[PDB]
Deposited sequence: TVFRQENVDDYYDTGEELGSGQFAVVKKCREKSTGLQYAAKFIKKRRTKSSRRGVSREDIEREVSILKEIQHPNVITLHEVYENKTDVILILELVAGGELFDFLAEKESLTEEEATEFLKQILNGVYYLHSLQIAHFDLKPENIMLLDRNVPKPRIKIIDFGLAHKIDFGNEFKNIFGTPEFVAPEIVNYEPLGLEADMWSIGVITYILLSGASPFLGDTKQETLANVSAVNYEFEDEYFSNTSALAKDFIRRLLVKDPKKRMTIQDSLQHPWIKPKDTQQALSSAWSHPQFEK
């Protein structure tokens, strides 16, 4: 699919830099015709077929195609898409409340109530995606944005669909790999992947939300991946002594090596703790 090739600077005024990635930079922008604000994601294109730098057309188109299909309170939406010789520019919905990561960094640890307020929105966002057979594959604090972090119960939206994939055959087998701390055992072992991988990530996120600690984090990447594959983690009393046994149960049913035994998004929503290189 070809995108709008006019100069994006003729329709938008960019400003502050919101975020950055290995092959992408996000900037706040304002559309001239409406005065409305957005997050412009510039993705670097590959210059040759056999290049490591930049993102292949196939991958950029996959992210765009998945972004054009979604419309939900807890997920980011795509406004327009421009491109030129070096980059493809995704004009996305702005989320100016900052990353859950920076939020958590500033608060250390939350209460089960605060945690569940965030968790329920994330689950709702993931329920929507899984319903469309969309696997995010990169769920983590850094890919969860708040709309306004100066509120007692901040609303969130999931972002970064750079690794998202459609799962129409129950499983995908293509070496999809994200951040070691949050990837499930099947990703670490390069086994077929499906919607289940997102549920494992939710578990890690949940563990983090309640304790401020990472469950499998090791001093190096290989160690972390090793801990993940062996499901090497425990609920440290120093961190969880005042955490309810129900919250641990919820985490425990997500951090399961076997994908077919892991809780599904529907299960997690009906769980007693949630249910109202």
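Missing C-alpha runs, given along the deposited sequence, first residue counted as 1 = Since the structure holds only modelled residues, the stretches it omits are 277-291, 293-294.
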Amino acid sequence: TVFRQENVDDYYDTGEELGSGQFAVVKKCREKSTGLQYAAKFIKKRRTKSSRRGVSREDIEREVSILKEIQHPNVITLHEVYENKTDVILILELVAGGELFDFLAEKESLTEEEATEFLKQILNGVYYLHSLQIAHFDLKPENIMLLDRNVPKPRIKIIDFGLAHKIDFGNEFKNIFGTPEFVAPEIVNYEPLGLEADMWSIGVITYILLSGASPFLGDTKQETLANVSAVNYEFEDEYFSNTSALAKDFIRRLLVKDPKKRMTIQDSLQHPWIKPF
From here on, numbers count along this sequence of modelled residues.
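Rigid core (definition): largest C-alpha set, two forms, superposition within 1.5 Å.
Superpose on the core, then say which of 190-198 and 110-118 ends up with the larger RMS Cα offset from this form in 8 other deposited structures of this protein.
-> Stretch with the higher C-alpha RMS distance in 8 other deposited structures of this protein: 110-118.
After fitting on the rigid core, which stretch moves more in 8 other deposited structures of this protein, 262-270 or 18-26, going by C-alpha RMS?
-> Greater root mean square C-alpha distance in 8 other deposited structures of this protein: 18-26.
Give the stretch, out of 137-145 and 112-120, with the larger mean C-alpha temperature factor in the deposited entry.
-> Stretch with the higher mean C-alpha B-factor: 112-120.
Higher average CA B factor in the deposited record is what I'm after, so tell me if that's 43-51 or 231-239.
-> Looking at the record's C-alpha B-factors, the answer is 43-51.
From 73, 185, 162, 170, residue of greatest CA B-factor | Highest CA B-factor of the listed options: 170.
Selection by C-alpha B-factor (highest) of 82, 103, 200, 127 = It is 103.
Relative to the other modelled residues in the chain, which third contains the C-alpha temperature factor of residue 131: lowest, middle or highest?
-> CA B-factor rank for residue 131: lowest third.
Among the modelled residues of its chain, does the C-alpha B-factor of residue 177 lie in the lowest, middle or highest third?
-> Highest third - that is where residue 177 ends up once the chain's C-alpha B-factors are sorted.
Relative to the other modelled residues of the same chain, rank the CA B-factor of residue 58 and answer lowest, middle or highest third.
-> It falls in the top third of the chain.
CA B-factor ranking of residue 9, expressed as a third of its chain | According to the entry, residue 9 has a C-alpha B-factor in the chain's highest third.
Third assignment of residue 87 from its chain's C-alpha B-factors = Ranked within chain, residue 87 CA B lands in the middle tercile.
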